[PDB]
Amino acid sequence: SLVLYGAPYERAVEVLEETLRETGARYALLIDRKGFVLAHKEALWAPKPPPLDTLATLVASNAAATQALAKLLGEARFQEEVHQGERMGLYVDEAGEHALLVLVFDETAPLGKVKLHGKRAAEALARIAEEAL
């Protein structure tokens, strides 16, 4: 597949939903490394997100931009990154070769839970994407 659709798509959304419930994050996305959104889910209590195409293309651009740093420091790429503001934070984890799990969260979501469930979710989504894409 070049697009995630059908049962893989259905399962990916189900994983993103459970990830929101387990973390308390606002928004959860699986995106490819070109910034295309493969699946997304938003907590019913959260404000409408920013345009998710923009968000995904900036996350994917930054993820590519950071490889220079990982290589400067002697590794191939980073696998995970957390960016924290006063209120809002952004978690991104590799979901296999060609996808990234993105979680947007506020202070009400314990960063430890965001990381712990986020990692499990990226593995599940990697498995789905490996078989599908």
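Residue indices: 1-based, along the sequence shown.
- Remark: stretch with higher mean C-alpha B factor among 97 to 105 and 42 to 50 is 42 to 50.
- Higher mean CA B-factor, judged across 26 to 34 and 64 to 72 from the recorded values: 64 to 72.
- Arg11: CA B factor in the lowest third of modelled residues in this chain (values from the PDB entry).
- The PDB entry assigns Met88 a C-alpha temperature factor belonging to the highest third of its chain's modelled residues.
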